[PDB]
Amino acid sequence: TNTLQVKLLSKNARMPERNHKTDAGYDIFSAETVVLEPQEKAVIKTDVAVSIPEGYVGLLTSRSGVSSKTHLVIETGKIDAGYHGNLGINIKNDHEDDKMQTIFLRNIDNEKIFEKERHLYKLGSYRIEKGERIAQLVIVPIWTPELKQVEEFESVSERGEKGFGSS
Amino acid sequence: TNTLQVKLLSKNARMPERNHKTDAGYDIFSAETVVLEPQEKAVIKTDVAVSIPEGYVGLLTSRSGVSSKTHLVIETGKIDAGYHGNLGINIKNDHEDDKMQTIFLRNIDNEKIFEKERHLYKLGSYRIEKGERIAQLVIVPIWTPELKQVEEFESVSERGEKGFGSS
Amino acid sequence: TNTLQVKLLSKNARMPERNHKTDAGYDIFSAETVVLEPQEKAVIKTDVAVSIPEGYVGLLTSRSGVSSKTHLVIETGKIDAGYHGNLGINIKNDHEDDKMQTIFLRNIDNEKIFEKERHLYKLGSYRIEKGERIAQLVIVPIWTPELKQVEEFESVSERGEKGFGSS
Ligand SMILES: O=c1ccn([C@H]2C[C@H](O)[C@@H](COP(=O)(O)O)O2)c(=O)[nH]1
Ligand SMILES: O=c1ccn([C@H]2C[C@H](O)[C@@H](COP(=O)(O)O)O2)c(=O)[nH]1
Ligand SMILES: O=c1ccn([C@H]2C[C@H](O)[C@@H](COP(=O)(O)O)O2)c(=O)[nH]1
Ligand SMILES: [Mg+2]
Ligand SMILES: [Mg+2]
């Protein structure tokens, strides 16, 4: 009732963790090491399942550090109540593909990764390490009413049909 | 009270549909056939209006299939209580514009569209078909208090001024 | 209790404003003038602090006008209850870097900015002016339960492990 069921699907999974006791979200960790080149897309596995109860939705979203410092973009996942599969981090390296080469991959803090064994990478490539903190899960109540088709609404609003307005 | 008013604005509109009875969102369908080239932006019409009541906001957001499989990016629309206009899907084909040509448009499952009448397209172009399911609407309660300007807050938090932290 | 504490951190700050009395969000204004070139990223300062109470999260998100009309992309910030720092607008000019030059910067309505003193800019560059309305803050209640690790969930759902489905 004030409890959320969490299922760890492999040895690579980490239990989600809340930094401060009043923060919104539970930190989410990668269960896989992946390199993403510029423009490359992936669904990164967490090997974590949850059982969000009816009346709620999970928002599987970015962290402020990773999104602001790198070109790694996470599309917010709407995690349905009842979904018991592996939580997937839906991600793109949105660094441009400019055809330049470099010796340095970048980590999720945008720091150059110095390797003893030197290799050539596409400029703007990132490595995500297993066990790194790349997303968070925030759970929010939802309203799911019956839909009633109408020809006209039962009240006239101040806003009306106005949208996509200027600044 | 557990009812949402929905107004269909044309013959091309489809009534929004919830897949599972505990899912968060109502599937939203395009009322238009559009081709989007790489980097092209549009507001796609649903020809659907709704009357979200005070105390709530609608989140007009992506589906997991379309966002993960294509370069089609939907910016989450915050649908105001009282807004009675046509719901617009705010979208970009974020495929890079690399100047390559192809015979194949892609659908929203990222499958090549085979045509009897062959044409040249920009590589990374998508067609969205009228009646296709490209977004969803999730409704969430909101807190809208009066704002009280202060010189200092009435409590000291654990978090304090910390933000945009590392991993 | 129906009150939100707001702290103005400088003379460049503006008090957040709700357009209609039933709208979801409080408009948020830039405290800085910045030019963003294609692919450039920034955290734009508002010089505004807030004290979101426990049980809520702030969503610092785009406006419909700016996102639909420009290539300026704002990543939704999850503003923690207790965070008392300067609200940062996490932004990218996602206009492609095509190496073309122009005399015209664009404003956030995507209008060309005519200058008496003519200068060369990168095509797709935007200027954000201090005091312009570029984001909004929507506050939403959250559920933050204790996590209970399990080997199997206490109910079988209709959805099950299904996710990232087709259209
Ligand atoms: O970023 C995401 C988005 C969705 N899902 C899963 C959980 C959702 O309940 C399910 C939705 O799938 P469709 O309804 O789009 O098929 O996919 C994820 O794991 N991560
Ligand atoms: O993706 C979106 C975003 C907004 N709107 C509409 C409904 C909102 O209430 C209204 C907000 O317009 P402004 O307040 O930004 O002018 O625009 C949409 O239809 N789709
Ligand atoms: O777009 C954003 C995202 C986050 N934050 C601040 C407020 C949050 O509480 C804090 C989170 O920082 P980390 O927990 O990611 O370190 O950063 C912003 O000001 N703007
Ligand atoms: Mg891009
Ligand atoms: Mg979002």
# chains A, B, ... in the order shown; residues from 1 in each chain; ligands from 1
>>> residues_near_ligand(ligand="ligand 3", cutoff="10 Å", atoms="only C-alpha atoms and all ligand atoms", output="PyMOL selection string")
(chain A and resi 18-20+23-25+27+62-68+134-136) or (chain B and resi 159-167) or (chain C and resi 43-46+48-50+52+57-61+74-91)
>>> residues_near_ligand(ligand="ligand 4", cutoff="6 Å", atoms="only C-alpha atoms and all ligand atoms", output="list in words")
residues 94 of chain A; 94 of chain B; 94 of chain C
>>> write_last_selection(atoms="N, CA and C atoms", output="CSV table (one decimal), in the first residue's frame")
chain,number,residue,atom,x,y,z
A,94,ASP,N,22.7,11.8,-29.4
A,94,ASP,CA,22.3,12.8,-30.4
A,94,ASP,C,23.5,13.8,-30.9
B,94,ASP,N,14.1,13.5,-36.4
B,94,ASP,CA,15.4,13.8,-36.1
B,94,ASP,C,16.5,13.0,-36.7
C,94,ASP,N,18.9,22.2,-31.4
C,94,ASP,CA,19.1,21.0,-32.2
C,94,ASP,C,19.1,21.2,-33.7
>>> atom_distance(atom1="CA of residue 38 in chain B", atom2="CA of residue 93 in chain B")
5.4 Å
>>> select_by_dssp(residues="range 54-158 of chain C", states="alpha helix (DSSP H)", output="list in words")
residues 64, 65, 66, 67, 68 and 69 of chain C
